[PDB]
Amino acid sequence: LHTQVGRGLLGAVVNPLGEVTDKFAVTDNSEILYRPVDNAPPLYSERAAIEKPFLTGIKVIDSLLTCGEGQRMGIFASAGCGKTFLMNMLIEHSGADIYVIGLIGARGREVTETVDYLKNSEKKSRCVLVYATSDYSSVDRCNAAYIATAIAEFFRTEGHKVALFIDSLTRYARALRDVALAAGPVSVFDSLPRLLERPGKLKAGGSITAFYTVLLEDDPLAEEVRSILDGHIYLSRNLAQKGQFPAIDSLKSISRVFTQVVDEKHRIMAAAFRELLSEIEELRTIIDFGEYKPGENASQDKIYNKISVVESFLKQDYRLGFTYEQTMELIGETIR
């Protein structure tokens, strides 16, 4: 019902009970306070309009799926689509003040994997990890998401630019389902929308840019979640098996605040690049049909000789971060 917050949690690992069980960093700040995990979402007059971009350092996102400060973004992926590596890139190459990771229903190997990654991260001293392994009860798994969101909220009221990560909404939805089964004007199932409406940018405080991951089958929860959130990023298993990392299918992904966080020339270049991707796909299905010969259609040859530079722009090593100017420069070179 109440949990620890404060800068003293930076570099620490928190279990569903609110206590620190491990540390991936040490900080000279020992600020420890207590706040309720079940806080009311902000009033409509207390929120601000999403107008600033949340740069991620990832080219395809910053160029075609530009996130906003205070946005709630869905990350839809399958078994091996590089979702964990995508989250690692989001933490590593973005510019948030504080990161709060929430592993819901994960396995011990995955928790220790995230800890081992944070122990060698550059954002190491600015992260708080709240985990709940698959051993904990459903109540503990939901309380883990509530705890992470509460910590992120405290850091927001202090004016910090916070990035919250929830992995995943699927396993959290299962735990919430079991709790609802434990009960049979207040419904346990309502804890999912109320949880999703807590991030955002406050007029009197900082912001919480949230990334909720949703697992896909090799789903009604996924569709309603995509209806609640401010946009989604689709990680295609097809692209992942072709060697495309990040396996982001930008033609099946959207940011609902895109036109509000980028200017006009960015909009034009992004539209041109999306049309180029569409034409590239049409040429791909034409080639698969075996009806493409070099020399006949000059348009198909122009689009054909563009596949290399486009695929080169979409791909990005997980160790490299690109500034906004570099991203717009590269995408500008790609659509010539």
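Start at 1 with the first residue shown and count on from there.
K.L.:
From residue 218 on to residue 219, does the model leave out none, 1 to 3, 4 to 9, or 10 or more residues of the deposited sequence?
P.N.:
Per the deposited record, the segment joining residue 218 and residue 219 lacks coordinates for 4 to 9 residues.
K.L.:
Which class describes the count of deposited residues lacking coordinates between residue 184 and residue 185: none, 1 to 3, 4 to 9, or 10 or more?
P.N.:
Unresolved stretch here: 4 to 9 residues.
K.L.:
Should the higher mean CA B-factor in the entry be assigned to 304-312 or to 288-296?
P.N.:
So the stretch with the higher mean C-alpha B-factor is 288-296.
K.L.:
Please compare 198-206 with 135-143 and name the stretch with the higher mean C-alpha B-factor in the deposited structure.
P.N.:
Taking the mean C-alpha B-factor of 198-206 and of 135-143, the larger value falls to 135-143.
K.L.:
Highest Cα B-factor in the PDB entry belongs to which of 90, 106, 257, 101?
P.N.:
Comparing C-alpha B-factors across 90, 106, 257, 101, the maximum falls on 106.
K.L.:
Among 110, 97, 167, 158, single out the one with the highest C-alpha B factor in the record, please.
P.N.:
Each of 110, 97, 167, 158 was compared by C-alpha B-factor; the highest is 110.
K.L.:
Within this chain, which third does the Cα B-factor at residue 193 fall in: lowest, middle or highest?
P.N.:
Residue 193: CA B-factor falls in the highest third of its chain.
K.L.:
Please rank the C-alpha B-factors of the chain's modelled residues and tell me whether residue 163 sits in the lowest, middle or highest third.
P.N.:
Lowest third.
K.L.:
Per the entry's values, where does residue 240 land by CA temperature factor relative to the rest of its chain, in the lowest, middle or highest third?
P.N.:
Top third by C-alpha B-factor.
K.L.:
According to the PDB entry, is the CA B factor of residue 231 in the bottom, middle or top third of its chain, that is, lowest, middle or highest?
P.N.:
Lowest third of the chain for residue 231's C-alpha B-factor.
K.L.:
Among all modelled residues of this chain, ranked by Cα B factor, put residue 30 in the bottom, middle or top third, i.e. lowest, middle or highest.
P.N.:
Highest third of the chain for residue 30's C-alpha B-factor.
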